[PDB]
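*Asks:* Have a look at this one before I ask anything.
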Amino acid sequence: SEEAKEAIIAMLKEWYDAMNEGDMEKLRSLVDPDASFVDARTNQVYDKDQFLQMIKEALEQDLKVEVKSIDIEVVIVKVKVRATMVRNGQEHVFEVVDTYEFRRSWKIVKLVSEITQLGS
Ligand SMILES: C[C@]12CCC(=O)C=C1CC[C@@H]1[C@@H]2[C@@H](O)C[C@@]2(C)[C@H]1CC[C@]2(O)C(=O)CO
């Protein structure tokens, strides 16, 4: 079980590291093909290809992230992240709470993201 936990954590490290690297090949491999992605604040729901498309656009805006905390609670993990994006020369700063559902290799089958824009 500790191995299970340790593997999930390592994968979330890979996720966020790949995000800062801009390596979407690595992101694609961590997500189940039938996974659903939820924007909690807008109630919008996306499939994997739609989610990755949005990631691509954000990476084009210099999206960078830093993980602040990881809490393991099917494995459910809550990650708090600070993120920045540069949009038409104006940087925007965000605090995001990402709650993942991993299902067994372990794959992400669901993410709910609460996104708050903090102001630069
Ligand atoms: C561009 C985005 C969605 C659209 C929006 O109005 C603001 C942002 C900035 C933060 C981004 C977010 C999504 O892309 C999901 C991201 C990457 C998040 C930072 C971490 C995030 O929740 C994830 O890493 C999810 O796996």
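Labels for the structure tokens follow display order: chains A, B, ..., residues from 1 in each chain, ligands from 1.
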Hey, which residues sit close to ligand 1? Say within 10 Å, counting only C-alpha atoms and all ligand atoms, and write them as a ChimeraX atom specification.
*Replies:* /A:12,15-20,27,31,37-39,41-42,51-59,61-67,79-85,92-100,108,110-117
*Asks:* When you look at residue 33 of chain A with a cut-off of 9 Å (counting only C-alpha atoms), what residues show up, excluding the ones that are within fewer than 6 positions of it in the same chain? I need them as a PyMOL selection string.
*Replies:* chain A and resi 47-49+109
*Asks:* Fewer than 5 positions away in the same chain doesn't count, so skip those; otherwise give me all residues within 8 Å of residue 72 of chain A, counting only C-alpha atoms, as a PyMOL selection string.
*Replies:* chain A and resi 5+77-78
*Asks:* Just to confirm, what's the straight-line distance from atom CA of residue 28 of chain A to atom CA of residue 45 of chain A in Å (one decimal)?
*Replies:*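 Taking atom CA of residue 28 of chain A as the start and atom CA of residue 45 of chain A as the end point, the length is 17.7 Å.
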*Asks:* Take atom CA of residue 32 of chain A and atom CA of residue 106 of chain A and report the distance between them in Å, one decimal.
*Replies:*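 Separation between atom CA of residue 32 of chain A and atom CA of residue 106 of chain A: 9.0 Å.
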*Asks:* Just list as a PyMOL selection string whatever in segment 7-83 of chain A DSSP marks as strand (DSSP E or B).
*Replies:* chain A and resi 31-39+44-46+64-72+75-83
*Asks:* Give me a file of those residues, with N, CA and C atoms, as a PDB file, in the first residue's frame.
*Replies:*
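For reference, result.pdb as written:
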ATOM      1  N   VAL A  31      -2.817   9.570 -18.330  1.00  0.00           N
ATOM      2  CA  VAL A  31      -4.263   9.757 -18.295  1.00  0.00           C
ATOM      3  C   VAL A  31      -4.925   8.594 -19.008  1.00  0.00           C
ATOM      4  N   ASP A  32      -5.959   8.029 -18.410  1.00  0.00           N
ATOM      5  CA  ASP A  32      -6.705   6.980 -19.035  1.00  0.00           C
ATOM      6  C   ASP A  32      -7.415   7.588 -20.232  1.00  0.00           C
ATOM      7  N   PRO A  33      -7.566   6.852 -21.342  1.00  0.00           N
ATOM      8  CA  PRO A  33      -8.296   7.443 -22.462  1.00  0.00           C
ATOM      9  C   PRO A  33      -9.744   7.913 -22.197  1.00  0.00           C
ATOM     10  N   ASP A  34     -10.432   7.324 -21.240  1.00  0.00           N
ATOM     11  CA  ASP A  34     -11.763   7.681 -20.906  1.00  0.00           C
ATOM     12  C   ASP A  34     -11.877   8.562 -19.681  1.00  0.00           C
ATOM     13  N   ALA A  35     -10.804   9.248 -19.339  1.00  0.00           N
ATOM     14  CA  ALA A  35     -10.834  10.074 -18.169  1.00  0.00           C
ATOM     15  C   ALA A  35     -11.716  11.299 -18.318  1.00  0.00           C
ATOM     16  N   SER A  36     -12.248  11.821 -17.236  1.00  0.00           N
ATOM     17  CA  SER A  36     -13.074  13.141 -17.427  1.00  0.00           C
ATOM     18  C   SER A  36     -12.307  14.293 -16.508  1.00  0.00           C
ATOM     19  N   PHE A  37     -12.363  15.480 -17.054  1.00  0.00           N
ATOM     20  CA  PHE A  37     -11.727  16.620 -16.463  1.00  0.00           C
ATOM     21  C   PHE A  37     -12.739  17.681 -16.138  1.00  0.00           C
ATOM     22  N   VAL A  38     -12.840  18.069 -14.874  1.00  0.00           N
ATOM     23  CA  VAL A  38     -13.840  18.993 -14.498  1.00  0.00           C
ATOM     24  C   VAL A  38     -13.274  20.329 -14.013  1.00  0.00           C
ATOM     25  N   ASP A  39     -13.809  21.428 -14.523  1.00  0.00           N
ATOM     26  CA  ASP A  39     -13.534  22.786 -14.048  1.00  0.00           C
ATOM     27  C   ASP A  39     -14.611  23.060 -13.022  1.00  0.00           C
ATOM     28  N   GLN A  44     -17.783  23.034 -16.054  1.00  0.00           N
ATOM     29  CA  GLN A  44     -17.444  22.471 -17.363  1.00  0.00           C
ATOM     30  C   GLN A  44     -16.724  21.141 -17.232  1.00  0.00           C
ATOM     31  N   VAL A  45     -17.074  20.200 -18.118  1.00  0.00           N
ATOM     32  CA  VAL A  45     -16.516  18.859 -18.126  1.00  0.00           C
ATOM     33  C   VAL A  45     -15.932  18.581 -19.504  1.00  0.00           C
ATOM     34  N   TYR A  46     -14.707  18.055 -19.527  1.00  0.00           N
ATOM     35  CA  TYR A  46     -13.954  17.770 -20.748  1.00  0.00           C
ATOM     36  C   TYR A  46     -13.453  16.332 -20.787  1.00  0.00           C
ATOM     37  N   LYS A  64       3.446  27.799 -16.119  1.00  0.00           N
ATOM     38  CA  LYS A  64       4.385  27.180 -15.202  1.00  0.00           C
ATOM     39  C   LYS A  64       3.663  26.874 -13.894  1.00  0.00           C
ATOM     40  N   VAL A  65       4.089  25.832 -13.220  1.00  0.00           N
ATOM     41  CA  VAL A  65       3.438  25.411 -12.008  1.00  0.00           C
ATOM     42  C   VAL A  65       4.411  25.000 -10.884  1.00  0.00           C
ATOM     43  N   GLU A  66       3.981  25.101  -9.636  1.00  0.00           N
ATOM     44  CA  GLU A  66       4.767  24.632  -8.554  1.00  0.00           C
ATOM     45  C   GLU A  66       3.814  23.952  -7.563  1.00  0.00           C
ATOM     46  N   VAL A  67       4.106  22.734  -7.187  1.00  0.00           N
ATOM     47  CA  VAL A  67       3.260  22.042  -6.281  1.00  0.00           C
ATOM     48  C   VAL A  67       3.522  22.553  -4.845  1.00  0.00           C
ATOM     49  N   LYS A  68       2.493  22.904  -4.121  1.00  0.00           N
ATOM     50  CA  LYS A  68       2.598  23.376  -2.769  1.00  0.00           C
ATOM     51  C   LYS A  68       2.304  22.346  -1.719  1.00  0.00           C
ATOM     52  N   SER A  69       1.403  21.402  -1.969  1.00  0.00           N
ATOM     53  CA  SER A  69       1.051  20.382  -0.996  1.00  0.00           C
ATOM     54  C   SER A  69       0.348  19.244  -1.726  1.00  0.00           C
ATOM     55  N   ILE A  70       0.515  18.037  -1.199  1.00  0.00           N
ATOM     56  CA  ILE A  70      -0.088  16.821  -1.746  1.00  0.00           C
ATOM     57  C   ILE A  70      -0.660  16.002  -0.598  1.00  0.00           C
ATOM     58  N   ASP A  71      -1.957  15.709  -0.659  1.00  0.00           N
ATOM     59  CA  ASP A  71      -2.648  14.991   0.407  1.00  0.00           C
ATOM     60  C   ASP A  71      -3.389  13.802  -0.185  1.00  0.00           C
ATOM     61  N   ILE A  72      -2.968  12.580   0.159  1.00  0.00           N
ATOM     62  CA  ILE A  72      -3.650  11.418  -0.279  1.00  0.00           C
ATOM     63  C   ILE A  72      -4.828  11.186   0.681  1.00  0.00           C
ATOM     64  N   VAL A  75      -7.669   5.659  -5.733  1.00  0.00           N
ATOM     65  CA  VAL A  75      -6.885   6.515  -4.855  1.00  0.00           C
ATOM     66  C   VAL A  75      -7.238   7.956  -5.192  1.00  0.00           C
ATOM     67  N   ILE A  76      -7.602   8.755  -4.181  1.00  0.00           N
ATOM     68  CA  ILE A  76      -7.993  10.136  -4.323  1.00  0.00           C
ATOM     69  C   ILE A  76      -6.896  11.017  -3.723  1.00  0.00           C
ATOM     70  N   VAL A  77      -6.357  11.955  -4.484  1.00  0.00           N
ATOM     71  CA  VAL A  77      -5.240  12.786  -4.052  1.00  0.00           C
ATOM     72  C   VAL A  77      -5.580  14.234  -4.330  1.00  0.00           C
ATOM     73  N   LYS A  78      -5.434  15.129  -3.342  1.00  0.00           N
ATOM     74  CA  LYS A  78      -5.649  16.531  -3.460  1.00  0.00           C
ATOM     75  C   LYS A  78      -4.265  17.245  -3.554  1.00  0.00           C
ATOM     76  N   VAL A  79      -4.050  18.036  -4.582  1.00  0.00           N
ATOM     77  CA  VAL A  79      -2.810  18.765  -4.811  1.00  0.00           C
ATOM     78  C   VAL A  79      -3.137  20.234  -4.865  1.00  0.00           C
ATOM     79  N   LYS A  80      -2.394  21.068  -4.140  1.00  0.00           N
ATOM     80  CA  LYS A  80      -2.544  22.483  -4.204  1.00  0.00           C
ATOM     81  C   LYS A  80      -1.348  22.980  -5.004  1.00  0.00           C
ATOM     82  N   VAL A  81      -1.606  23.840  -5.976  1.00  0.00           N
ATOM     83  CA  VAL A  81      -0.601  24.304  -6.891  1.00  0.00           C
ATOM     84  C   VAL A  81      -0.652  25.818  -7.124  1.00  0.00           C
ATOM     85  N   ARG A  82       0.503  26.458  -7.197  1.00  0.00           N
ATOM     86  CA  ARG A  82       0.555  27.821  -7.687  1.00  0.00           C
ATOM     87  C   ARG A  82       0.952  27.783  -9.156  1.00  0.00           C
ATOM     88  N   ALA A  83       0.267  28.568  -9.983  1.00  0.00           N
ATOM     89  CA  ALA A  83       0.522  28.555 -11.411  1.00  0.00           C
ATOM     90  C   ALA A  83       0.610  29.969 -11.931  1.00  0.00           C
TER      91      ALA A  83
END
*Asks:* Would you mind reading off the distance between atom CA of residue 29 of chain A and atom CA of residue 107 of chain A, one decimal, in Å?
*Replies:*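 Atom-to-atom, atom CA of residue 29 of chain A and atom CA of residue 107 of chain A are spaced 8.5 Å apart.
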*Asks:* Could you find all residues in chain A that DSSP calls helix (DSSP H, G or I) from the backbone, and write them as a PyMOL selection string?
*Replies:* chain A and resi 2-21+24-29+48-60
*Asks:* Generate the output file for the selected residues, C-alpha atoms, as a PDB file, in the first residue's frame.
*Replies:*
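File produced: selection31.pdb:
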ATOM      1  CA  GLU A   2       2.917   2.227   0.699  1.00  0.00           C
ATOM      2  CA  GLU A   3       4.250   1.221  -2.709  1.00  0.00           C
ATOM      3  CA  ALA A   4       0.878   2.114  -4.206  1.00  0.00           C
ATOM      4  CA  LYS A   5       0.964   5.489  -2.525  1.00  0.00           C
ATOM      5  CA  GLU A   6       4.527   6.077  -3.485  1.00  0.00           C
ATOM      6  CA  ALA A   7       3.814   5.324  -7.082  1.00  0.00           C
ATOM      7  CA  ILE A   8       0.906   7.738  -7.240  1.00  0.00           C
ATOM      8  CA  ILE A   9       2.990  10.468  -5.718  1.00  0.00           C
ATOM      9  CA  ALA A  10       5.804   9.863  -8.103  1.00  0.00           C
ATOM     10  CA  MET A  11       3.359  10.104 -11.005  1.00  0.00           C
ATOM     11  CA  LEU A  12       2.027  13.441  -9.787  1.00  0.00           C
ATOM     12  CA  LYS A  13       5.620  14.667  -9.562  1.00  0.00           C
ATOM     13  CA  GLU A  14       6.057  13.531 -13.168  1.00  0.00           C
ATOM     14  CA  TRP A  15       2.822  15.299 -14.147  1.00  0.00           C
ATOM     15  CA  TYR A  16       3.747  18.640 -12.815  1.00  0.00           C
ATOM     16  CA  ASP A  17       7.355  18.291 -13.928  1.00  0.00           C
ATOM     17  CA  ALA A  18       6.211  17.484 -17.458  1.00  0.00           C
ATOM     18  CA  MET A  19       4.015  20.511 -17.314  1.00  0.00           C
ATOM     19  CA  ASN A  20       6.932  22.790 -16.547  1.00  0.00           C
ATOM     20  CA  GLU A  21       8.978  21.017 -19.226  1.00  0.00           C
ATOM     21  CA  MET A  24       2.798  16.714 -23.438  1.00  0.00           C
ATOM     22  CA  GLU A  25       3.924  13.242 -24.455  1.00  0.00           C
ATOM     23  CA  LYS A  26       4.451  12.517 -20.831  1.00  0.00           C
ATOM     24  CA  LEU A  27       1.084  13.993 -19.831  1.00  0.00           C
ATOM     25  CA  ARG A  28      -0.766  11.947 -22.399  1.00  0.00           C
ATOM     26  CA  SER A  29       0.595   8.768 -21.024  1.00  0.00           C
ATOM     27  CA  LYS A  48      -8.946  13.734 -22.416  1.00  0.00           C
ATOM     28  CA  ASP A  49      -8.403  15.179 -25.900  1.00  0.00           C
ATOM     29  CA  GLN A  50     -10.272  18.402 -25.007  1.00  0.00           C
ATOM     30  CA  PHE A  51      -8.336  18.725 -21.768  1.00  0.00           C
ATOM     31  CA  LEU A  52      -5.005  18.230 -23.518  1.00  0.00           C
ATOM     32  CA  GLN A  53      -5.957  20.765 -26.110  1.00  0.00           C
ATOM     33  CA  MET A  54      -6.494  23.297 -23.356  1.00  0.00           C
ATOM     34  CA  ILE A  55      -3.200  22.308 -21.808  1.00  0.00           C
ATOM     35  CA  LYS A  56      -1.501  22.906 -25.138  1.00  0.00           C
ATOM     36  CA  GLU A  57      -2.939  26.433 -25.338  1.00  0.00           C
ATOM     37  CA  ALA A  58      -1.843  27.153 -21.768  1.00  0.00           C
ATOM     38  CA  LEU A  59       1.668  25.899 -22.457  1.00  0.00           C
ATOM     39  CA  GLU A  60       1.790  28.294 -25.438  1.00  0.00           C
TER      40      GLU A  60
END
